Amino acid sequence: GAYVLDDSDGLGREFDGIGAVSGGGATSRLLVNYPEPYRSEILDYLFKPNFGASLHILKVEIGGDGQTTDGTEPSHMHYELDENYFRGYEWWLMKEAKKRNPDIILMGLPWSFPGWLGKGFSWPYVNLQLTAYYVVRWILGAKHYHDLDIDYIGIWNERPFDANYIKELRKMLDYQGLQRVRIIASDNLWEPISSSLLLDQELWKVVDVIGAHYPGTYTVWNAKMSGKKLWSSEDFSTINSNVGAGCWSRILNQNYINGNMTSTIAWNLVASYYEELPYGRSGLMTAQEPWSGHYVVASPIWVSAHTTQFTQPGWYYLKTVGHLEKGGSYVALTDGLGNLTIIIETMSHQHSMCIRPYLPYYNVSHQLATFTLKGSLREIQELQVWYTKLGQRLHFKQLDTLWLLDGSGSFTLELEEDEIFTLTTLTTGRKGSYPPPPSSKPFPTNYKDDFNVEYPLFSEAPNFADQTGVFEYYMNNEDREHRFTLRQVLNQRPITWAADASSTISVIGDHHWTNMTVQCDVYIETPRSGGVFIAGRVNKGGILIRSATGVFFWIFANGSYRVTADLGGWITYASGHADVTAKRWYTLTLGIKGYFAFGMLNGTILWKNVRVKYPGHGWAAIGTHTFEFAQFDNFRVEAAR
């Protein structure tokens, strides 16, 4: 009936911000080679204040060279003694975010680690000081090379924590003059971190924030008892259709209401990875065609705006928040300066299901809600109104101002289903707008890369999405014809997060492709035992990369070749001998059409009319038999969709 908003009895918890994750894994892969001005426009929709999603927080993966959901991300230390703070795209993204919003909150979290840190085991806790040292170098590098202050550091994404590690990480941060950096744990479930904090005072002293993943809007008693800030440090992960925006809208409010969580962070920031990769299109917006410049400002962007444009880290939640009689919820926040923001959501069950978890049915129906401002809020006489309707339009439309002149801190609204209203004293709200970007277009049916870039802006060539291993621009001054190549640089399996393949692989192109010819120059660096391949119709990647099928044309340094149906190499289409050795450049061609494939070695036919599964479709790919050095050059693909 009448919902009282008041601050006279005091305030609730401090609001810590809304944000999103770039990483886990390679989710921003295809954004770096967007042409201007579109790349810049995309970044504005995400980070420019009073414009789009206007994010308060940016969380990035600390790349460890392993596969972490939609690809691998490069580490700053591939090997022992190696340090490089210019690989990948997270440095860039953080800087671009920081340019638009100097106050954005930066977080880093490892998913995987380079293998050498395990010292012969696939475990990051073998040498506590070493792993901490590795992580802190990243934070230092961020500052020294990019002028970035990392605000929060996590432990190991959705993987066990070690209490002694967390303590050592804190000590190592302090030793390096990073007392200001805070620690969030354990980016998994509420337990065992929450009870551990209650039993171990020294642990309690070093953990600043408890971050839980996909909590279903609820926390647990031990976490509340701890007095720590509680965050949904990873949520959403739903297709950014209308249902995802609904999901997002609902949890943004109810994470605080039901669970005392004062921050929520969406996986992921922007869908800039092939859609046929795991969890495709589960970013706040979509930017998966750098070749065309086409992007989509999806519904979740505006749902975010309803909170982010009208709140900032350091505002406080009111004590008076809750559910509406006929379903839906409201929160309210102030900045202790006379501003008030109110965010109301009526997401229906049928249009707001998140993937994790799925909620039992609940009812929303037409209702009236009366709001009364008590205490220090009585003096508000005017509120701006922002409105969104999900289902088929209207997104973030500014409605007519409401007046509260009646002397009665009150007003009423007619609420229907699947709506959002924001009511705030702030006048800075804006539905940012750029002209529409180019229409959607398939990946180019003819495509070439000779990797001849002397000072590349990024460490890897556009569109190649590593799914196991790490491929990088490589300069070899001692060769002329192959001065500039692409190289696989991992020489041992990472401390994996996912089940990485046993073979390295990078995929590219149009998953819809069915008939195609792929050609590449290859160079095996490891004598006797080394091997490389080129492939087409590759149908799975990311977390599922081990499961990839397609047509794989392998050559080996022992003078042999194989054609397989799978990356694992368990199913043979053909095999034989070849004039092939290490440390020599060969041109490989693989032609797939209908039921049949053929392979060429240096323009000469090696095998032909070999029967392959059909129908089938997928990407082109390159890679190596194990985690081994190899080079690639003059890549070309002609394909039919």
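Residue positions are given as counts along the sequence shown, with the first one as 1.
- Of the other structures of this protein that model both sides of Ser440, every one gives it coordinates; not a third omit it.
- In the other compared entries of this protein that model both flanking residues, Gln392 lacks coordinates in at least a third of them.
- In terms of unmodelled positions of the deposited sequence, the stretch from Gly391 to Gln392 in this entry skips 1 to 3 residues.
- In this entry, 31-39 shows the higher mean Cα temperature factor of the pair 31-39 and 59-67.
- Annotation for 613-621 versus 17-25: the higher mean temperature factor (C-alpha) is found in 613-621.
- Highest C-alpha temperature factor among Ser506, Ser529, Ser348, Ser122 per the entry: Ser348.
- Annotation for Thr549, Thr496, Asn463, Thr334: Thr334 ranks highest, by Cα B-factor.
- Among all modelled residues in this chain, the alpha-carbon of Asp9 has a temperature factor (C-alpha) in the highest third.
- For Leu324, the recorded CA B-factor ranks within the highest third of the chain. Only modelled residues enter the ranking.
- Split the chain's modelled residues into thirds by C-alpha temperature factor. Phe458 is in the middle one.
- Per-chain ranking of the deposited C-alpha B factor places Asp449 in the middle third.
- Among the modelled residues of its chain, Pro102 has a C-alpha B-factor that falls in the middle third according to the deposited record.
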